[PDB]
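First, one chain by itself: the form deposited in one PDB entry, in structure tokens.
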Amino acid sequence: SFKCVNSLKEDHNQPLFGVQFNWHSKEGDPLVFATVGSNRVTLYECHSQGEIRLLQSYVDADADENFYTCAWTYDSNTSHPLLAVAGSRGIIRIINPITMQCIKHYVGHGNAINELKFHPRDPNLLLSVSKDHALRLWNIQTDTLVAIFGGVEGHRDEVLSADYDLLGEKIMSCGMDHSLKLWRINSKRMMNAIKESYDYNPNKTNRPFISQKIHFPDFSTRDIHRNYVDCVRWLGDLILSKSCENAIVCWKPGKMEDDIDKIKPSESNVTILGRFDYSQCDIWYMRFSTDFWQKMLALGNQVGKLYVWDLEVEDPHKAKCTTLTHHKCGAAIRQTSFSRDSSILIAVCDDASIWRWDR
């Protein structure tokens, strides 16, 4: 079971909106996690006796920047970890976590970026989701915009979250229009766009890189939640998503026995496989997370309580819940992160505090 071994507070005293363990950290190296809040990104190392060792921060030159998200990848030639961050300015920064140097930045969108995710099988492909109602897929090896997911049948309001499935063949996005939308990226059009992004070298051609504009999702529903959908994750062929209605819903497109790859864009049904209720988490902008193996699900609430669900059961509705509290932890938990082996769970709060729970 989990025990609270340490806590820390960042000097900016502003909310921490994101936290991610580096699941690409090398064997024998201590566990490292990044936090994002205010106009900063900070790295920490987990040590024995609950020690949280402070390393170094990246501080944006714009005091008005507010980082909302971060995601780890690694350099495709050297294997060294890389960290991407973004937020209110709509700028994607690729940071070398060793020196905390910004090694490249993309003017990602014409509005804030709410989430960043790297492709599960390709470390060069970065997905950003924005307040401009679109998703964008970047190839950070050739600095190209592969595709824009949005348009005439895309999201109709700010996009808050998105996730790749296990194989990275498809994306599920969600946002302020109450909808969850599916975008297949294993179509002939998208596989060709990705191949061409890798073949693009602006020094060796005259053409600009032509980005795809994908105006139509492969599936859409507004039948799961009745408010802003602010977090989505795939659980195999099933989806986990939440709104501010004190519930994570586990569902799937189509009827009970419909295969996800047979779902057509006109599909009008959804199937609910279960719902994980909790309390006092009815404010917008609260994230849930799963561990590496997807054996566990974690979410913090607006009064500092953590809920952890054991997903190692025959059906989703049988998930077993554990609650974790500490008398000194009373601020809203915006995001959690498990270490790759799930031995540590970190929670970050609105009062700039960091909470470490060891298994």
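Numbering starts at 1 and follows the sequence shown.
What comes next is about the form deposited with a partner chain bound, which does not appear here.
- Using a 4.5 Å cutoff between non-hydrogen atoms, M191 does not count as a contact of the partner chain in the deposited complex.
- Interface residue remark: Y198 is not counted as part of the site for the partner chain in the deposited complex, having no heavy atom within 4.5 Å.
- In the deposited complex, none of the heavy atoms of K262 sits within 4.5 Å of a heavy atom of the partner chain.
- Looking at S337, you'd find every heavy atom of it more than 4.5 angstroms from the partner chain in the deposited complex.
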